[PDB]
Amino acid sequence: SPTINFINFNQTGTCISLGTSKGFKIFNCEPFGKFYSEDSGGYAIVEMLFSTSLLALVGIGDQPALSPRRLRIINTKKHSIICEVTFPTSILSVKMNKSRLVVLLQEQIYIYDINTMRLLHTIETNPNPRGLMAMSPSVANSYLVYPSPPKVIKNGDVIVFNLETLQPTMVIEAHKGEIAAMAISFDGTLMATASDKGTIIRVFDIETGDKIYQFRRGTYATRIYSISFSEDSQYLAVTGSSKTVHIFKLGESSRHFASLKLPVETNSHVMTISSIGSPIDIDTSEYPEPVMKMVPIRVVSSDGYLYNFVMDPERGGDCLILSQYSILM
């Protein structure tokens, strides 16, 4: 039985990247199935480009060849190695769209042309120990957002950086405290942020800097693990240490529009990621709660299961858990 170290969806929500102590795995979401697998060694980062065969790996450290300071770019259809780049400190994050690749270190950001692999720019950051950043999956609004703390008020400033021209566009005073999560809409239009107090979720317009939405999350401060826009930007999923997943609806303030309840059986210190899918149609029977259009949402947990929920786009509330599958069987 292997330990899970990393999980992510691809930019579309159709595939799952996963990295364990013994290899890495790649799944299709629906109909669920392993698409690729490898027993090489321990991995810390496994990141996809949308459904191309290119993926980026960083080994966790149980091998001389996969030090945490090394990005390796592989092709799964060719079984080839496109490239490898090394960095002065451990890699904390890797993000991609079809024009640029970004590697995130605690105090630097590296920005590459993804076809050439020519390094285009490097940003010197103040310490980002939590490896927080968000990158637009659309080339047309190709934006990267990353936290901008003071070098040890204004702890929750965020930098919006234009990847195409490699120049910063604005500073958003998003939060009063350290940033704890960030997401960017599929069209590179909106940004969503939360601070380490997880009480308030904010949504800004990238072009303006104008705060467009503010949601209250929970009552007492709890940690936030993830934020994700649905592709049409009408819903926003946030997961944190409460074992609850909250869905907020994007039309002063608002509490959450719906919630997902992961099974009581799961460990309570498990971290999760989610993605909200395009709506679909369901027959009433075979699922108590006659053909309504639900909104499907997927939640996958560190303990290694994928969960299928559906939300009622008009009534919200607590969402029904449709299904569950597992990784490494």
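In case it trips you up, residue 1 is the first one in the sequence shown, and so on.
Where coordinates are absent for parts of the deposited sequence, a chain break appears; between neighbours residue 251 and residue 252 it spans 10 or more residues. In terms of unmodelled positions of the deposited sequence, the stretch from residue 289 to residue 290 in this entry skips 10 or more residues.
Just going by the entry, 36-44 versus 271-279 on mean CA temperature factor gives the higher value to 36-44. Comparing the deposited coordinates for 168-176 and 71-79, the stretch with the larger average C-alpha B-factor is 71-79.
Comparing the C-alpha B-factors of 233, 242, 155, 93 in the entry, the top value falls on 242. Going by the entry's values, 115 shows the largest Cα B-factor out of 115, 228, 89, 148.
Among all modelled residues in its chain, residue 307 ranks in the middle third by Cα B-factor. In the deposited entry, the Cα temperature factor of residue 130 sits in the bottom third of values across the chain's modelled residues.
The PDB entry assigns residue 51 a C-alpha temperature factor belonging to the middle third of its chain's modelled residues.
Sorting the modelled residues of the chain by their CA temperature factor places residue 217 in the lowest third. In this PDB entry, residue 11 carries a Cα temperature factor that places it within the lowest third of its chain's modelled residues.
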